[PDB]
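Only one chain comes next, encoded as structure tokens, the form deposited in one PDB entry.
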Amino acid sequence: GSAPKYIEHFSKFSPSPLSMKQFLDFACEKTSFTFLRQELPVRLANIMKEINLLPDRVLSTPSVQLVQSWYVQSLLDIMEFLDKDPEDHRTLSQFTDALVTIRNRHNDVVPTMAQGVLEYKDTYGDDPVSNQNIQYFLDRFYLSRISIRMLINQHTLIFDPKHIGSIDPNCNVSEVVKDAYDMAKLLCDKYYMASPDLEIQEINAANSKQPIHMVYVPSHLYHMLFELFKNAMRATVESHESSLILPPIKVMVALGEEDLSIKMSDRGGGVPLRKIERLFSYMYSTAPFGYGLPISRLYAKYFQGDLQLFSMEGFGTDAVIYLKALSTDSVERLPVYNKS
């Protein structure tokens, strides 16, 4: 086979970050086909190149071998279409199916990689240097993965109208906050037979009246807000088991010139500063609902945002999602394979 030759050719190319604006502008299905059948190989190859740079003791583990096998099939699957003629509506139709199969195939990367982290901890240990390499690698791996799922969702959802695939051009942030809250409350009520209440305050700096809307991927925002709610609810409930009042969870949505910021404040009794970093560590949060904190932060970073935790041991925790207010500043943040 040629998979290694392909990986070498396509890893010569840099991934092309698109903006929210460019994503919404979707030109025709043929444009998406001819863009993607180049761009997906570039993005697959860049991350496969990086997997191959992992030391042999990591590389040879069944879990890494398995997801490398998925990535090779998916690259190969897309090659088939490189010669093919767009115009032919049966080339375009067959490509959509190929994306849908690829998306399926990769659904279990996260628990599959988690198993590799787990057997590394037992086989080689949980020293801080191992922690930094796991963290370095998986942040890039997962961000690459988020970026590929985004391209594929956008193609399959549009070529099968207010929403534009996964993108809401008029996303009401408070509505996504209530959705994530209600789902977290549902689970929290089930498991704990008590749930904190929600208060939302909005701060539209420029337009103190207007409800805060934005161009975003509401699924991504829901993933992050859901994780933050799980954390704030488990914390607030368990900190107050011997108590009768449950302090609410307070979310502020602030819109500035540049930042749309979403703070979730709880009185869960908080975390010592020393233990905050571990909450973002893939290795330290591997023990044996929601994507985890490390991955929630990647969704924030994906469009030039961030997710930060600040706690007050003895009181509780603030979690802030920072998004770009403006769709022009909302550009894919892609890990690129270079000398570094």
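Sequential numbering from 1, following the sequence displayed. The term rigid core refers to the most C-alpha atoms you can superpose between the two forms while keeping them within 1.5 Å. Residues that one form lacks are left out of the comparison.
There is another form of the same protein, the form solved in complex with a small molecule; it is not shown, and what comes next is about it.
- Contact annotation: residue 325 falls outside 4.5 Å of the small molecule in the deposited bound form, judged by heavy atom distances.
- By the criterion of a heavy atom within 4.5 Å, residue 31 is counted among the residues contacting the small molecule in the deposited bound form.
- Although the partner is absent here, residue 144 is not a contact residue: none of its heavy atoms lies within 4.5 angstroms of the small molecule in the deposited bound form.
- When the small molecule is considered in the deposited bound form, residue 151 lines it closely, a heavy atom lying within 4.5 Å.
- If you check the small molecule in the deposited bound form, you find a heavy atom from every one of 18, 23 and 35 within 4.5 Å.
- In short, of 68 to 76, 210 to 218, 151 to 159, 193 to 201 it is 151 to 159 that has heavy atoms within 4.5 Å of the small molecule in the deposited bound form.
- Considering only residues present in both forms and aligning them on the rigid core, one finds just one run of three or more residues with C-alpha shifts of 2 angstroms or more between this form and the one not shown, namely 289 to 291.
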